[PDB]
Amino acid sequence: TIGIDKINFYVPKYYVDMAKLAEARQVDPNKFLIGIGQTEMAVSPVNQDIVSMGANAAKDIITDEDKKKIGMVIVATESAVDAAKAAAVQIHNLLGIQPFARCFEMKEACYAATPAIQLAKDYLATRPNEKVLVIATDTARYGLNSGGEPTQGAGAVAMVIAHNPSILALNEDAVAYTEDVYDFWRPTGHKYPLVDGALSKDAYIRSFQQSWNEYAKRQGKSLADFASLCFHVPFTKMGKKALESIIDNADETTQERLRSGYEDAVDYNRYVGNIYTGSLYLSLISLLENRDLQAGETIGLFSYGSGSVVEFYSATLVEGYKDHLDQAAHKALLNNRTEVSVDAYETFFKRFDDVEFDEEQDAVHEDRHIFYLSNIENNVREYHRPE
């Protein structure tokens, strides 16, 4: 078997409360809390960029020995800080990985961590002693007072792909589906995404439906066969509408199980927001930690990228997997964050746009044990490393 051997996430140390954001935007708090289904939104300090976030998600899941065996570092992002230099190169340096490795980004909106792990697996077939590090890292930023605002988030998810994986074996059943649609895109020079509200829902659900339909056909499998699904969601309510559409012709037992699974899967996302390439994989952690799925049960996963590309594939739980998760650390990561007022959130937002350093607002003296963006000099980003 080849698959996910280790998995971790990082989110920044601040969040804004969604009920307070609603109050400031002069709408009912329930519009955000229930209508959109988001409770806390991640808030990015300037000292957390996609590079430091990725490094932080990965640093806890690789040993010194792993660093000798990692043959590729692949970063999935649609929030790149460079048009040429892959963030994977910077992270590879920060992490002290052995030098004979490919480092590059994959890009296709929120889909790109999927080809990264799937091709990482194909790469490993003939290389028994190697591993691959895949990092999804992104900042979903729509703009103050924009339609997309309440869905914003930031974070990174790191996965180690290896032989004899300790968590999930990836099965030989991935199928992708591409349709050229303009639901969401971000041309050069655009700070924030362009969004066609008339297409958002339909494009996302249609990709799920078409990917699933073809999967089911190729595999002779049905929704009933999966212990749970785990799929990309831009916000929990939209994911709920996708789920209900997909399962709408299924039996009651299946429907109830998959609904239960979904609530476990989207729990962490509820307190973070959309992290684009990492959203699916954050949900996967949430699912694996909140639900008590058994060894040998199979999860059905759906990955989406705006524009659009979808992929359905499955992964089977490996005996002992619970021993390789860190529910306690993940709960602490989320719980140890600091709530920031709406006015502070807006200031942080404007500063991020401009990469305006402020060691006091970002409270960098608290960050001695993590990677962070410490400065830019001569157009080169500089990083503080854990002491």
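The numbering used is simple: start at 1 and walk along the sequence shown.
For the segment pair 83-91 and 250-258, the entry gives 250-258 the higher mean B-factor, averaged over Cα atoms. Comparing 21-29 with 369-377, the higher mean C-alpha B-factor in the PDB entry belongs to 21-29.
Per the PDB record, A198 has a higher Cα B-factor than any other of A198, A116, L280, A136. Taking only the listed residues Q98, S211, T188, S308, the entry reports the highest CA temperature factor at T188. In the deposited entry, the Cα temperature factor of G37 sits in the top third of values across the chain's modelled residues. Annotation for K121: CA B-factor lies in the lowest third of the chain's modelled residues. Among the modelled residues of its chain, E78 has a C-alpha B-factor that falls in the lowest third according to the deposited record. Ranked within its chain, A58 lands in the lowest third, by CA B factor from the PDB record. Split the chain's modelled residues into thirds by C-alpha temperature factor. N335 is in the highest one.
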